[PDB]
Every structure is written in structure tokens, then in C-alpha cells.
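One structure is given below, encoded as C-alpha cells.
Reminder, nothing fancy here: chain letters follow the sequence lines and each chain counts from 1.
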Amino acid sequence: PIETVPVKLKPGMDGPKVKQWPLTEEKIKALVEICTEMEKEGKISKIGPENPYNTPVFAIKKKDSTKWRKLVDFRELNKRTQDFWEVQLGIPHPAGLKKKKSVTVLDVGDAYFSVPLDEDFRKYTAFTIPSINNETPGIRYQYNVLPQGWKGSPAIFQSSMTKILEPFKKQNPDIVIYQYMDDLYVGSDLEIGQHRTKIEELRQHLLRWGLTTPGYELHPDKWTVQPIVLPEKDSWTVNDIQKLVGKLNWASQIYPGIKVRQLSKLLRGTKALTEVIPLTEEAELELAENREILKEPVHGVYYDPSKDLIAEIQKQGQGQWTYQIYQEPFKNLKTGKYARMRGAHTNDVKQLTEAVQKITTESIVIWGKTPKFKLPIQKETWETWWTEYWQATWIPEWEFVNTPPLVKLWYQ
Amino acid sequence: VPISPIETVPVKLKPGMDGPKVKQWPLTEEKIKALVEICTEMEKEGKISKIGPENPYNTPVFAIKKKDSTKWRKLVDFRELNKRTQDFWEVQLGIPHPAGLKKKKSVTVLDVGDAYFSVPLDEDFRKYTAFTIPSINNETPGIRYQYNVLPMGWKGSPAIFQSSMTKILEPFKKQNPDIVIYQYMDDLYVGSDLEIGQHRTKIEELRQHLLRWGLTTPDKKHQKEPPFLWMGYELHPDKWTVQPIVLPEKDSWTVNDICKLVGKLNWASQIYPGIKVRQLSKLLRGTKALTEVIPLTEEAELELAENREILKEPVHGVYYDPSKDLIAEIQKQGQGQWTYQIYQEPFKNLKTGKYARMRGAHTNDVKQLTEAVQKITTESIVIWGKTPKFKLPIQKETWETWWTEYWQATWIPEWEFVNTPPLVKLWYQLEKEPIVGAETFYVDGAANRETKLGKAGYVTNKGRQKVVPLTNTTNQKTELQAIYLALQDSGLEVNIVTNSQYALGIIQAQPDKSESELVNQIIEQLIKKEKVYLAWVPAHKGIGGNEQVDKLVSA
DNA sequence: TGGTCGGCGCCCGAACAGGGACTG
DNA sequence: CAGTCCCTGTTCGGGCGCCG
Ligand SMILES: Nc1ncnc2c1ncn2[C@H]1C[C@H](O)[C@@H](COP(=O)(O)OP(=O)(O)OP(=O)(O)O)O1
Ligand SMILES: OC[C@H]1O[C@@](CO)(O[C@H]2O[C@H](CO)[C@@H](O)[C@H](O)[C@H]2O)[C@@H](O)[C@@H]1O
Ligand SMILES: [Mg+2]
Ligand SMILES: [Mg+2]
């Protein structure tokens, strides 16, 4: 007996109709067990083909969890409700979260199951469970409460959420707390022990309200950037200077102060690539000045809350991956590199999956948004394996690119 | 007043739209006889009801003879009613494969009598069914009828039946957790490890359960005894095979001929190893009339010959043993053709298949093998819910060299090398660093957008030079041509500097095959080299050799 | 006679997206 | 600084095979 906040799709827009993809035996068994308890608890109830809407479902294990977690891919539904959360009930983003020495992430999705869901909206949460070898037709469900991974669930629950938060917020007025989807981000500058302790107290607050909590520890102040860097060589071959001029020429699309003239002067003839070229004094200084400009920040790059974040990733090899986050081309809000991630030197898809997860997390902490990824992978390759390695409760938007590397700008 | 048997499914029309109206077909009197007897029979059951002209809806009707039977099948063309009926979400997510089935001591295959006609249609929606009956003459009007039950040819029939059937089935399944029931439309496959007498007890008891909801399983299509006929397969206690496939014998082939042929051979390739459709499909590309006659090349003929000979010997697959591993082995068949076998015990196949898809204008065997592995993995997960271990005709070091060096993320799941030739390899490797003592060719080409005329040429550190005129070309084609020239005119080791990103992108992905003959010739030369270093510089930067060759080809 | 529905598979071609290079 | 043209790759609907 609680009022159900009415929910509407964006205007002139129809519900998600997205085919369910094949699932492994372990994932189907996990979902069947999860859903059956959910049906008995009344969170979901079976439905039929009259409901034309469907969203894909699968299961994941969080890092070190060993326990199956139901994950619904609501990306299509969320875009069709996109106006609702941003315009009306959106959570504000604490610009201070990225500055905290430690930030812990808690899965509070279970709480959303408390509140019920608008009777008129439930038709859009439909998801089908497949069977191995198609022994059975699809077992369809729909949600009676606030679904985990929908963008309405934190927004509608925010009024309830803040009241539960309000005692703890007043007992620790400098601890920053942020809510993105099923997760609670809790940052503090305390020492490690105090921080983890304070985390338990927040867990107790949820417990008395009746929400079970199963957390990731971040350190946004540790987070660094990966600037463009020019090599350091005792002697320079023609090929070396040719590589350098092309890099610099591309870099000049970002830092307009780059100059190649004095370095081009070294290439004047028609020379063998391995011929050694001494650098002139004028080139040495031009190369010096450039190395400084690349330390500098780009002119007039700032975040625009209206624009979308775009993330690009490059596979550098030997387990090394570089990324840039931006909104307008060549104006990069952040650039970074990852190395020695899980699956390094054995599995590219696992490494790409990890990197996507890390980058998304950083963007949530920093801008409170997930970027749209440009993924350096074939579409068929990614779709086959990505769910195997996914350990997160959200799913960003992505697209697939094939751009071979004319220049190694981002990584030496 | 009629009667209600099992729970119905609400079915609205699409909003602001109204029921079907369209006049009946000029049905031949011979067909007309069959419907009248059946339709009158339905009314006594309560499947159908008469309607006064207060029902202003008409939709055509026809019928086809039941295959392998004297009976006739009764189809209501609902194309306009579908158009205006609400969309459903199909619950049929695929087709069951026999290789998925575990071995069962006792198996029963039984069919439901009049499947769609035992399932009530939505009460409010019943009005839209209306169709006009026909007579031997045009004098007698014929009665108007509205279905009280799901009708064949509606776009909502399959999903409603499948969802309704599962709801009826579920209570029984919960009661008997150890029975396997494969439910596909109205065909039910029941398997148990119960001894045959006990199994039939459950089988009959299941028949009673379906009876309670008005679902009738006649003895007429009840299979107590092997070999069972199920989903186009013949099921035996320890093995299965496809029901025999007849390939047309025609001496002269039309277009429609090859399509049927091709589509049969694809069905055959799930068990028969090594089926090849490449050359038979070559005959179908860019043809106008389905009726048009087409002659078979000596390629499509030879192919078709070995395809028929494979069918000569009977083959069979086995069933799935969850205890043992799944194994997929792949062979390269040439011309972008791959076949594979999935098995558990050596030489006892669960199923076979082929991957022939040509993806990309320029590609290599390693990319295609990766594609075939992915297709097998997804197929395996559907049938068995797990990924097979892979046996691949590619050296462990070849794969390591490819994937580490490629700029795209690529991966193959757990696999081992099998030394069955032809082995898959990279035909050439580009050097990471410039080659000392090798001649450096600065290459470029340009072409005039209007004339389609162009030049391709190179300049080198030794002073070697060439420029060649070309006709009916493009900038892209001349940049490739420039590279081809440097390869032709160079020794076994050569450094090439281009400003063409297009060409560099093609070549760096180590293609061994291309739709472009020019790229094939470049490949041909790359394979003959000992060392090639390709490097890129930006055009119009006044750099070195590149500027000079740029002037020559621009002229 | 020619004619319905849903599912899955293949191979095809056409229509569409988008990224560089070059043209004014 | 737009507007093309190349060239490539994706999508989608058509035919057929197969199952109800
Ligand atoms: N060619 C078709 N067109 C439309 N629907 C079909 C067609 N074939 C089969 N179906 C549907 C309707 C049937 O009720 C259901 C089962 O097929 P089927 O068993 O062959 O006929 P049937 O069950 O109605 O008669 P029977 O029990 O005597 O075989 O699948
Ligand atoms: O990966 C693309 C592929 O994913 C699907 C279904 O999973 O679409 C989902 O992912 C897209 C890319 O993020 C979203 O834009 C879309 O909303 C979501 O349904 C397929 O539709 C698509 O082919
Ligand atoms: Mg039947
Ligand atoms: Mg040029």
C-alpha cells in the first residue's frame, strides 16, 4: 500500500522490443532460481505474448563475489525514459567526489524492490528467459516493483533514499555520498580504517530500514593522466624524424602551438630510412618547445553537462590500453592508460571488458555519466564474449570501430 | 451460449483501427466440399459460432491438403487482419536440435489433436474472425462464421498456443521433475529413465492431464516404438539422423532449381560432413527471374558431384553426454570454405556444419578461422549451453603472432593445435623497424576526379625512379599501384614510404585474399619478399622523398 | 488452380552510414 | 570552411531449406 509514481516514455516513443540472446547453462540455471524466488516474493510475475515488449536478461558475478546476480540490459528502455530521470528527479552530482582519498561503491539495488511500480509502466519491463536447446518456449516475466538497472529506480527512490541517508549525513557532514543507478558511492578523506568503519555504519542504517547489502574501494586522487610524449634518442634516423613529424602534425590538431618546420628541414633530401641525421640547434629547440607544450593543458577544454561523453580505446599491445574521454573532437577531458589488467597477455576481450568497466566508473565518479564507447573490436567478437567477463551492474552504450594505427600518438 | 475451457489471452486491435473486410476467393467447387463438412463439425464442438450480418467483417479463406495424409488443412488468410492486430512477442526462440538431447531409456513422441482449434480465442476479439462460407453455386449464400478458438493463419496463433501449452504443462512438470518434455508447438517429446512399463504409466497420466484442458492426443499419431520421427529427424535409442533428403535430378537447372538444391544441402550439412555450396551459390548472384534457366559451370558441377557422393553413404550423429567434454574440430576447405565437427568420443559426431561466409573486401585465413570459431561457439551455447574445446589447424605461434600484433581485440577460447593440413598461417610479416641496407622507395599516386586519368610512381635513395600513366582509375587505386610498383622493382628487402592511409590500412592487416585483383597482386609480391617495412608520412608536409614523388604523379 | 501464420538457418543484393581526400 | 567521390561495412528484406 504505497502510491506508485506514474511513469511515461518520452513522447512519440514506443517500448523496448529487443531479442534475448543465448545464455550458458550456468546463467540459465542461475536466472531460473533467481526469478522463481522473485515470483514467489511478488517482485515479478509471469506474463504472456500479448505484451509486445522485451528486454534482454543475463547474469553476472561481481568481482570476487562467487554469487550470481541478475542483470537486465535496460539500455533501450532507459533511453526511452531518458527525459524522465534527467529533467525531473535527477540526482545532483557532487563535484567533490573525485577529490576524496577513498570512495567505496555499494550495491543498494535490492532496496528498489520495496517500492512498487506504476501499473501502467510494468508492461515495459518484460524480459524473457531462454531454455537450453529450446526445450521450452520463452518464459516471460515483468516487474511489479522498481527494477534493478532501470534509470527510474534511483529517481523514484530518491525521496525514500535521502530520509534513510539523512541521519548518517548529519553525523558525518563531510562524507560525500552519490547515487548512480543501483550503486551508492561513498567518499571520505579518512584514514583507511576509519573509512571502512564508517562504511559499516552506513550499512547498519540500511539494515534497520531492511535493505540487505552484500564493496569496491576506489581512490580517485590516485587517478592520473597519460600525456602525449615525444621520444628521447641519442641519434635520429630519417625514419625516426619521419615518425616524429607525423605524430607532431597530428598532435597539432590538439595543441595549436606545435611547429614542425625546423624538424622537417632535416628531411629535405631523398634519403634512406636508416640514415642517421644529426639534429640542428634550431630543431633541438623546436623539439624542446614542443615537449613543453605537450605538458601544458589544451585551451578551453571544459565539461559541458548537456553534451554526451565519448570514450575511445586503443590496443597498444603487451597488455597496454590507452583511452581518451571527450565531448568535442580533439578537446579531451581526460586521457589515460591501463596495463597489466586481468587477462593480460592471454585474453584481449577480457582486457577490453575490464577497461570499459574502469573507464565508465571513472566517468561516473567525475561527471556522473557513462560515456559512449568506441570499441577497437569486431562486433561479432565482442558480443560473443563480453557477458562472460562483465562484473558491473550498469551497461554503457558502445559502437564498434576499425581504425588501424597510422601513428602511435597516445602511447610511445 | 457456448462454453469456456482454458484461460484466454487478451488481444486488442492496434489503436484506432477496425476489423478486416475483404471479399472471398473464387474457390473451385472441389475445394469447397472439404470446408463445409469440417466447419459444420466445429459448431457442434463449440469451436465456431454462426453470426448474423450484424458482423460486418469478411476475410478470404482457402485450404491445402495435409502432407502425407488424405486430410485437408484449413487456412484463413488474415493478412489484412494481421496488419491491424496488435504486435506480440514471439516466445519461440529457436529450434531444438537432436544433438542436444541426452540418452533416455524410454521415449514417447505424441502429437496434439487439432492444436490451434482446442485453444479459445479472446472473447471480445472473436468478432473480427468473420468469414463467408462458399457454395457449389453462387445462388446459395453460405453461412457467416466467427471462430471461438485460435485460427490458423492469424499472426497471434503460434505465440498464444505455445504460451498456453507451457502453462498447462508446467503443473505436470513440477509434479514430475525427472521427466524431460521437449515442447515444440503441439509436438511433445517425452523421455524418462523409467522402465518402459512405468514410463507409459506417466505417459498415459500426462495424457489425462492434457485432456482436462481439452487437449487430445490421438493414438493415431502416438509413437510408442523406435525409430521416432521428430522435427525432421529419425531418433534411435543410441543414434539419430536426418530424414532422407532427395536432391532433384534435373538435367537442365533453372534459378528456382538451384535455390531448392542449395537450401537442401544446407540442411544436409548439419550431419553430413564436408558439404560445399560455394560454387552452386555462385550461379545465383545477380540474376533477375526465379524462372530463368542457368547452366552449371564445371565448378558448380564438380562441387555438386562430391556433394551427392557424400550423401550416398548413410551417416548418423549421437547424443549428448554432460559428463564428457565437448570438442569442435575445424578444417579449411579452400576458397573461404570451412567445415567443422562437434563430438565427444572420437569419430562419433554430435553434429557437423560449415562456415563459408565471405566477410570483408580484404581478409585472411586467420580472420575467417576466428569467425568460424565464434559461429560454432554461439551455436554450441544454444544447443548445449557451453563452449566446446577447440581443435584448430593453426600453430600456437601463428595465432600468438596474429593476435598480439593486430590492432583490434581478438580472442579464441581454449583450444589446441591439430596438425591436419592445410595449416592456417600468415603468408607474410611486415617488419617493425626500417631495414638497414635496403632500398627506400618513396611511393605516391594521384588521379584526376574528372578525367579518371592518373599517375603512379616512386623515387628512391639510390636514384631509381619510375612514373606510369594510368587510365580510368582513382586516387586510392593509384596509391595502391605506386606500392605495387615499388614491390615489383625492388630486391628481396625494401623500405616503402607512403602517405596513403587507405593502402597502409589494407596491407597492415596482412590480407591473403582480396576482391580487388590489384591487392591480390600486391599480396603476391609481399609473399615473395624477405623483408618489407611500410611507413607512413603525412602528405603535403614537404617531407623528403614523399614531396618529390608527389610532384611527379601530380603532373 | 495461384493464395495463410510463427520460428530458425543459408546466400543474395540493395539501401544506408560514415570516414578520407580532394575540389571550389 | 561545404560538397562531392571513393570505398568500405552494416542492415534488412527477399528467396529457399527445415519445424509446427
Ligand atoms: N501450414 C500451416 N499453416 C498455418 N499453421 C500451421 C501450419 N502447419 C501447422 N500449423 C499449426 C496449426 C496446427 O494446429 C499446429 C499443429 O500442426 P499440425 O499438428 O500438423 O496440425 P493439427 O495438429 O492441427 O492437426 P493434426 O493433429 O491432425 O496433425 O501448427
Ligand atoms: O551491441 C549492439 C547490439 O546490442 C543490442 C542488443 O544488445 O542493442 C543494445 O546495445 C546498443 C548499443 O549500446 C544500444 O544502443 C541498444 O539500445 C541496446 O538495445 C542490439 O540492438 C545491437 O545490435
Ligand atoms: Mg497435431
Ligand atoms: Mg599523393
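The NZ-P distance, from B/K477 to C/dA21, rounds to 18 Å in whole Å. Taking atom NE2 of B/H540 as the reference point, atom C1' of C/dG20 lies 13 Å away to the nearest angstrom. Between the NE2 atom of B/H362 and the P atom of D/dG9 there is a distance of 7 Å, rounded to whole Å. Between A/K19 atom NZ and C/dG6 atom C1' there is a gap of 11 Å when expressed in whole angstrom units. Here the P atom of nucleotide C/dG2 and the CZ atom of B/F62 are 13 Å apart, to the nearest Å. If you take CD of A/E135 and P of C/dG7, they are 21 Å apart, rounded to a whole angstrom. Rounded to whole Å, atom P of C/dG20 lies 15 Å from atom CG of B/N499. Atom NZ of B/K33 is separated from atom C1' of C/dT1 by 18 Å (rounded to the nearest Å).
At the heavy-atom level, B/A268 lies nowhere under 4.0 Å from the strands shown. Nucleic acid contact class of B/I64 (heavy atoms, under 4.0 Å, all strands): base. As judged by a 4.0 angstrom heavy-atom cut-off over every strand, B/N82 is placed among residues touching the sugar-phosphate backbone only. When heavy atoms are screened at a 4.0 angstrom cut-off, B/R79 is found touching the sugar-phosphate backbone but no base atom.
Taking the side chain of B/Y502 as heavy atoms from C-beta on, and the options C/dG20, D/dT8, C/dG7, the nearest nucleotide is D/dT8. Listed candidates were D/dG9, C/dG6, C/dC5. Nearest to the side chain of B/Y184 is C/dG6. Listed nucleotides: C/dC5, D/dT10, D/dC7. Nearest to the side chain of B/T474: D/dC7. Nearest to the side chain of B/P26, among C/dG7, D/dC19, C/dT1, sits C/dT1. Counting only heavy atoms from C-beta on, B/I95 has its side chain closest to C/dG7 among C/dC11, C/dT4, C/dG7.
Salt-bridge annotation for B/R308 and B/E249: present, with a side-chain N of the basic residue lying under 4.0 Å from a carboxylate O of the acidic one. B/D87 and B/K155 are joined by a salt bridge, as a carboxylate oxygen and a charged side-chain nitrogen come within less than 4.0 angstrom of each other.
Annotation: of the two residues near DNA chain D, A/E380 and B/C259, the 5′-most nearest-nucleotide partner is A/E380. Residue-to-nucleotide proximity on DNA chain C shows that, of B/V262 and B/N475, the 5′-proximal contact is made by B/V262. Residue whose closest nucleotide on DNA chain D sits further toward the 5' end, between B/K260 and B/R359: B/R359.
Base pairing of D/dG9 is made with C/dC16, judged by Watson-Crick or G-U wobble geometry with both donor-acceptor distances under 3.5 Å.
South is the pucker assigned to the sugar of C/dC11, its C1'-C2'-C3'-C4' torsion being negative. Pucker annotation for C/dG19 reads south, on the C2'-endo side, since its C1'-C2'-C3'-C4' dihedral is below zero. With its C1'-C2'-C3'-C4' torsion above zero, C/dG7 shows a north sugar pucker. At C/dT4 the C1'-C2'-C3'-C4' dihedral is positive, so the sugar adopts a north, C3'-endo-type conformation.
Residue B/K83 places no side-chain N or O under 4.0 Å from the OP1 or OP2 atom of C/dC5.
Residue A/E380 forms a salt bridge (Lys or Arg N to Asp or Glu O under 4.0 Å) with just one option from B/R357, B/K367, B/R359, and that option is B/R359.
Ring to ring, B/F125 and B/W154 are close: their centroids are under 6.0 angstrom apart. Not less than 6.0 angstrom separates the ring centroid of B/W25 from the ring centroid of B/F62. Ring centroids of B/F228 and B/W240 are separated by 6.0 Å or more, keeping the two rings apart.
C/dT1 and D/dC18: their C1' atoms are spaced 27 Å apart (whole Å). When the P atom is used for both D/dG15 and C/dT4, the distance is 10 Å, rounded to whole Å.
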Evaluate the side chain to side chain contact (heavy atoms under 4.5 Å, CB included) criterion for residues B/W407 and A/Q314: first the C-alpha distance (whole Å), next the side-chain angles of each, then the deciding distance (0.1 Å), finally the verdict.
CA-CA 8 Å; B/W407 60 82; A/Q314 309 85 37; over 6 Å; no

